[PDB]
RNA sequence: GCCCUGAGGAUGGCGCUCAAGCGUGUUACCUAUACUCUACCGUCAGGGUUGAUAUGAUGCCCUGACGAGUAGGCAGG
RNA sequence: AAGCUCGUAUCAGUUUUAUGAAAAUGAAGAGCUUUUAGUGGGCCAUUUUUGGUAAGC
RNA sequence: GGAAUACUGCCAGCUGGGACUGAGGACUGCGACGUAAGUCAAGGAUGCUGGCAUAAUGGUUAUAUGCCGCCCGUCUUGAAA
């Protein structure tokens, strides 16, 4: 701005902290079935699609299966399971950080969700009981030891 | 140079020990020359000396 | 199983192979229980859901069979 | 693990059982002790009887009632043993004691509910074989308890019709096992077996 | 865990006496420093050599020839207690010399209340044939076709409460 | 449906204390199903929430929650130290507490 | 070597007997104002500072250690 | 507390060595006039003792 | 005859789980990557996200409770008393 500082404020020293890309854990791979832990969709099994530039995971229910739409979920608040579903046949490059900006549901968002669900339904049906497993929610029971259970 | 000297010294010591064992004659180990001392007790109730 | 006193490793292994104690061990309910516990500890969430569905089906079949 | 735990005090050590019950109480766990009269204490009977006398011989001169209180019921003895292991005279200690109940035998509705035992407090698991031991019920009867006869009489009735309940349960499990067997070798059963079930 | 060490000293050879008697003995200790200290103490006691004019020619560790062979060990031990010092002999059925000496030390600290401070291992030897053992409790395990049970096993519990009423059968 | 629990229930034993001195800033929490420090190592860093009912309604609800984190193991019985934003009332000794699975690493 | 005799109270109590008693050896864990690293107040010691300071050179800063204490002394409020 | 001469070779609740006087470690905060508050209570305990017999004392 | 393993010590070897600290304030220096331009974990943290004006949050009284704390001043005797 044209305005010279009206008061003396010490300038910040040259910081040296590069914005290195996130080093995601090995367990998190595209197409892996994820389980939500906290939030409005806590305990709802979801699928992993793409890693966003804002250190967040793009996850789809799919919406037609359990009602979970394309949402951004932090990696640390997700449990990665060994099960995986083919994702090469689903287009995810379109989604980005600006896609989820918020400047009565956007029509484009619904259309993208419909396309993603159509693409991923065949892969989900490729294995028996996978759709039912995704629809079913995840909860703990007596005698369950998370440090002993295998995911 | 210092790393090479240390490696040569340790190799020579080991070789001398092995040769002494093979020859049946006792080895004359070099006397220690450096020791590190660490205080254990506190700074109270210690006799003056 | 029979074993000479103070047998060496080779003789012990030979006698173990001859007696086939491994086959008897597996058939016993103790080894089967160990294997079942290991398999349960090795189960996965999707495998757990499949087990739940199969258990529900088996329970339905058993209840249908019962009282008849 | 369980909202309320019913511990079978038969064949158990007073010390270890009381210590574990108090520790669980301090952790916020409700515990009910049954069959107190069957509780056992290490050592020969005379030693235990002599020990009891020397703690009640200290009756206060000016006020005996306000002083030491000598209770003869086995449940009261167990409570006294456990009371000293808890920080009484404090709100935290007083609240914890509220979670513990001690009864002679198994009065209802606990008689119709599952009961557990403490492996580390079993007399047959800690005491060396062949060593003398004392029974809490006999000691209580010797020191003044007068309800041993009725306790045994109505505990025998407890086993009565409970043997019949177990027989009915065994008969039901016979049919359950038959149904499981005839349902075996099926596709669902084979899949369950492969999946560890 | 004990260990076997060999220590030799020849009292700092001087003029007119090259290569002295070169006293040799085997010392059991948990580390080299303790072995050297015990060797010095033994030299001072039994012999007239002290660390003032002493010298440690070399210290080596001896490994048992057959760590997987059962042997009967005869140990001659001289130990001191509240009363006067006296000799002692014991027989141990162990696999290795180190284990035998460790068991002997444990027994001495248990029965006779004698600890490592006042215990000397004079000699450790292996009994070759039977009927040479002079201790009944060692002969007990030499009987042909020895079979015995393990009644009243002390099963360990991983939980405070167990709904099983466990049995100690074996 | 039957159960919606996504946390491991535990018990608050007492603050880190000596024979005659206590440090309320650190609380000891017992986790069900944990018996050794190795097992408790998995729970390190997990959020701890204490749920209790309040007489007054402030934010449209009668439930007030205090959050915390798991710091390090304690003892050989699986006890794990925990630090909260605000220390526990000290009346919750033996009270039930909730340990969540996030932030998760598995 | 252990046990018995051998001459209103407390191993603290609760209590314990292959001990939760005794002797020995190894690991596992708790902490004090004790010790290691770092945030801050002050004392000391050293140092930088002006063809004037992007704040009263009695100003603004860098470096290391130290900080118990009765009477008494000095210093700043 | 002020002054002067100063950082050293001024020294050590240390060790060896020597003679029967030369090195190690650490500190360079060390040397000489003037005066200026307070301070001459003792307990515990090893060794000598002051010597001894139930013991102390 | 032959290797392997146990133990000791080294790695200016590699790589995960957890906790506190973010101190300095435009560059001057030691260093690394890179043929170079330039970059860097190199004399102290940066970027993004979620909660907020009938806010977020913070402050006082008692009770709710984990633990500790002898009644103050002067004077005796080496001390407490």
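Chains as they are written, first to last, in the authors' numbering: chain E, 7 to 109, 129 to 176; chain F, 50 to 98; chain M, 70 to 137; chain O, 3 to 199; chain S, 3 to 172; chain f, 2 to 107.
Beta carbons are placed, not taken as given, at the ideal position from N, Cα and C, and that holds for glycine.
Contact of residue 40(E) with chain f is not assigned, every C-beta pair being separated by 7 Å or more. Inter-segment contact for the stretch 109–116 of chain M and the stretch 81–94 of chain E is present: three or more beta-carbon pairs are separated by less than 8 Å. A Cβ-Cβ contact shorter than 7 Å links residue 74(O) with residue 147(O). Residues 9, 33, 35, 84, 102 of the same chain have their beta carbon placed closer than 8 Å to that of residue 23(O), with the five preceding and five following residues left out of the count. For residue 5(S), the enclosing beta strand (DSSP E) covers residues 5–11. Contact between the stretch 116–135 of chain O and the stretch 36–44 of chain O is present: 3 or more CB-CB pairs across the two stretches fall below 8 Å.
Between the C-alpha atoms of residue 90(M) and residue 70(M) there is a straight-line separation of about 7 Å. Per DSSP, reduced to three states, the secondary structure at residue 19(S) is strand. The three-state secondary structure of residue 25(f), taken from DSSP, is strand.
Taking 7 Å as the threshold, the shortest C-beta distance from residue 95(f) to chain O falls below it.
Rounded to whole angstroms, the Cβ separation of residue 83(S) and residue 120(S) is 7 Å, and the two are in contact under 8 Å. Here the alpha carbon of residue 96(f) sits roughly 10 Å from the alpha carbon of residue 28(O). The beta carbon of residue 51(F) sits no closer than 7 Å to any beta carbon of chain S. Residues of chain O whose Cβ lies closer than 7 Å to the Cβ of residue 20(f) do not exist, since the nearest Cβ in that chain is about 13 Å away. Around the Cβ of residue 39(f), a 10 Å sphere holds fewer than 16 other Cβ atoms; the residue is exposed.
DSSP, reduced to helix, strand and coil, places residue 92(F) outside both helices and strands of the structure shown, so it counts as coil. For residue 109(M), the nearest beta carbon of chain O is closer than 7 Å to its own beta carbon. Residues of the stretch 59–75 of chain F with a Cβ closer than 8 Å to any Cβ of chain S, in chain order: 75.
Across the set 94(f), 90(f), 100(f), the C-alpha of 94(f) shows the shortest separation from the C-alpha of residue 14(f). Note on the stretch 116–174 of chain O: whole alpha helix (DSSP H) runs with a minimum of 4 residues are 125–128, 138–145, 150–161, in chain order. Residues of the stretch 43–60 of chain S with a C-beta atom less than 7 Å from some C-beta of chain F are 59, 60, listed in chain order. Boundaries of the alpha helix (DSSP H) around residue 80(M): 78–88. Contact between residue 159(E) and residue 66(E) does not hold, since their C-beta atoms are separated by about 10 Å, which reaches or exceeds 8 Å. Annotation for residue 89(O): 95 place their beta carbon closer than 6 Å to its own, counting only its chain and skipping 5 residues before and after.
When Cβ-Cβ separations below 7 Å define contact, residue 26(O) makes no contact with chain M. Contact with chain E is found for residue 104(f), since one of that chain's Cβ atoms lies less than 7 Å from the residue's Cβ.
With contact defined as three or more Cβ pairs closer than 8 Å, the stretch 181–194 of chain O and the stretch 124–133 of chain M are in contact. The beta carbon of residue 75(f) sits no closer than 7 Å to any beta carbon of chain E.
With fewer than 16 other Cβ atoms from the protein chains shown falling within 10 Å of its own Cβ, residue 130(E) counts as exposed. Segment contact: the stretch 164–176 of chain E against the stretch 32–47 of chain f, three or more CB-CB distances shorter than 8 Å; contact assigned. One finds 134 in chain M with Cβ atoms closer than 8 Å to the Cβ of residue 184(O), taken in chain order. Counting of Cβ neighbours within 10 angstroms places residue 16(S) among the exposed residues, the total staying below 16. Proximity of residue 127(M) to chain O, defined by a Cβ-Cβ separation below 7 Å, is satisfied. Scanning chain E for C-beta atoms nearer than 9 Å to the C-beta of residue 119(M) yields 153, 154, 158, reported in chain order. Within chain f, no residue has its beta carbon less than 9 Å from that of residue 139(O); the closest one is some 32 Å off. Apart from the 5 residues on each side of it in sequence, residue 77(M) has no Cβ closer than 6 Å to any other Cβ in its chain.
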